[PDB]
Every structure is written in C-alpha cells, then in structure tokens.
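This report concerns only the one structure given below.
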Amino acid sequence: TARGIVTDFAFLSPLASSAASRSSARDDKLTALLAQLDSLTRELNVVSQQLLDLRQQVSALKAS
Amino acid sequence: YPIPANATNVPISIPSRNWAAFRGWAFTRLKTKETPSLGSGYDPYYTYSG
Numbered sequence: 071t072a073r074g075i076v077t078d079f080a081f082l083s084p085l086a087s088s089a090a091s092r093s094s095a096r097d098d099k100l101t102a103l104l105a106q107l108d109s110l111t112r113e114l115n116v117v118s119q120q121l122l123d124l125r126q127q128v129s130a131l132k133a134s
Numbered sequence: 654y655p656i657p658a659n660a661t662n663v664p665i666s667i668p669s670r671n672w673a674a675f676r677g678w679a680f681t682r683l684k685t686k687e688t689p690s691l692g693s694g695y696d697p698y699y700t701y702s703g
C-alpha cells in the first residue's frame, strides 16, 4: 500500500502544461466520430437489403 | 511529454522563445517505469534498475 497509491499522480508532470490544447483537441475529434461512424454504419444497414435481394436471387432460381 | 494508456496522437507544448540556429531534430521513446524523474538520487516509484 505504501508505494501503490503514490505512483499515479506524479508521472503526469511534463504533461501538466498542455491542459488547454487537449480538452479542445478531444471535442472536435468526437465531432469527427459523428460523421465517420455514420457513413460506416450506413454502409452496413444497406447490405441488409442487398443481401436480402441476393437471397431471393439465388433461392428462387436454384430451385429452378 | 509522456504517453498514458492506449495512446497515439500528442502535440508539442513550449511557444515563447527566440529560434536562433539549429543542427537537427531527433525523437525517442522510453517507459516511465524504466527512467525516473531527474534530480533526486532515490525515488520511491523507481523500482526498475535495468
């Protein structure tokens, strides 16, 4: 316990000065996630109807 | 400037000074457990002598 608690706070000492540039670096990167993970999800749900029609392209014609 | 947890993107800090004449630029990377804070002699969290 004597050494375990102490380690976590002190090692962020040179990082202490760059507090302002990171809080705002973060926000805009999360705005970047808003579009980059919208476009990407949209590609998956479309495969939903493409494979559903591909299902009935094969299942109806393999039969005859 | 350290790299905590799962990390990739970090910028530089210091602005206000006169940039006279250089020779080159160099990067490097070391663990915080491997190398202690300089200017003491003995530190509690330095338990890696290798």
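In the order they appear, the protein sequences are chains Q and L.
Under the authors' numbering, read the first sequence as residues 71 to 134, first letter to last.
Under the authors' numbering, read the second sequence as residues 654 to 703, first letter to last.
Where a beta carbon is used, it is the ideal one built from N, C-alpha and C, also for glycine.
- With contacts defined as CB atoms closer than 8 Å, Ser669(L) and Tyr654(L) fail to qualify as a contacting pair.
- In this chain, the alpha helix (DSSP H) harbouring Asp97(Q) covers 89-133.
- Residue range 77-80 is occupied by the alpha helix (DSSP H) that includes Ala80(Q).
- Using a CB distance cut-off of 8 Å, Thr681(L) does not count as an interface residue toward chain Q.
- With respect to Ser91(Q), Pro664(L) sits close: the two C-beta atoms are nearer than 8 Å.
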